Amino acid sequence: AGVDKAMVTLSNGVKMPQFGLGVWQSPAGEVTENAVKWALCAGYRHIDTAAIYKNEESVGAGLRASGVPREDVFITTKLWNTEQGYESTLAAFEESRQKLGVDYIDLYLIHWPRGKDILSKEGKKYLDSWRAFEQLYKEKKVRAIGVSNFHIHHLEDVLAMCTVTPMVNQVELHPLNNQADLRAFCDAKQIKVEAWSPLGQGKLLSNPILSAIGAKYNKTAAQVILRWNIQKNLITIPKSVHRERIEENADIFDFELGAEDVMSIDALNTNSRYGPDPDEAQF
């Protein structure tokens, strides 16, 4: 019933807060430190970062600045595409950990499978990366492990070799790209789906239908999308560097979208991505 209290239980029993702050494109230094501090002070208990964002030290600094005990906060970071492989994944994990200034990381994700052309030339290095994730998990260095931007076929590849099933799959998900088929698969395999670019990188916020739905509840279009995420049982990580938007985005536990509204948002799907298609990426 609140941003600090809404949880999704992963297949290993770990409670991951359903709502988090994304920090992609938040500059290292003061901007990231403030955004993180403001989020935590507003009751967020989850921060999503990545090695490639180069702001992990700032995430750690903002957490320390907030006064909120590290044990109450869920930190996700990600292994970058160029570091896939077994020993290289272990090394990258340690680098993230030291930058974050923590003893353990809550969730570690393979950032991308890498595009089909790279896979064809270099092999599916995400599999040996997953084996490294399994060792890190065995050694209690990380509380949960998962992937990001994996389609059903990438997931089948991991499921065929894994000793631990990926616990989260973080993918582009918003009302123009609802990921219905991937969600059906992930539900079957107990893989929780987490939405990236949930506000469509900001581009969805002028949407007539969404704004009109919001007006019914004295909420903004952004708040409608995020309430839709919550009611679809998704984990969501909207990004802002602005304190007012950070607080606004979290203020979605004082209303609920009715059936017709949910239907109208579901009708918006066009399978249109703002981000790269994981199959076609040339990185």
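In this text, residue numbers run from 1 along the sequence as written.
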Mind pulling up the entry and telling me whether 201 to 209 or 146 to 154 has the higher mean Cα temperature factor?
201 to 209
Can you tell me which stretch has the higher mean Cα B-factor, 98 to 106 or 169 to 177?
98 to 106
Criterion, highest CA B-factor; candidates, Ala50, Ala42, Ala222, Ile47:
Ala42
Among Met16, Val262, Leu268, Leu21 - the residue whose C-alpha B-factor is largest in the record:
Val262
On the chain's distribution of Cα B-factors, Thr82 falls within the third called middle
Chain third (lowest, middle, highest) by recorded CA B-factor, residue given as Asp117:
highest
Lowest, middle or highest third: where is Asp187 by Cα B-factor in its chain?
middle
C-alpha B factor of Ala28, ranked within the chain: lowest, middle or highest third?
highest
Ranking every modelled residue in this chain by its Cα temperature factor as given in the entry, which third contains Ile230?
highest
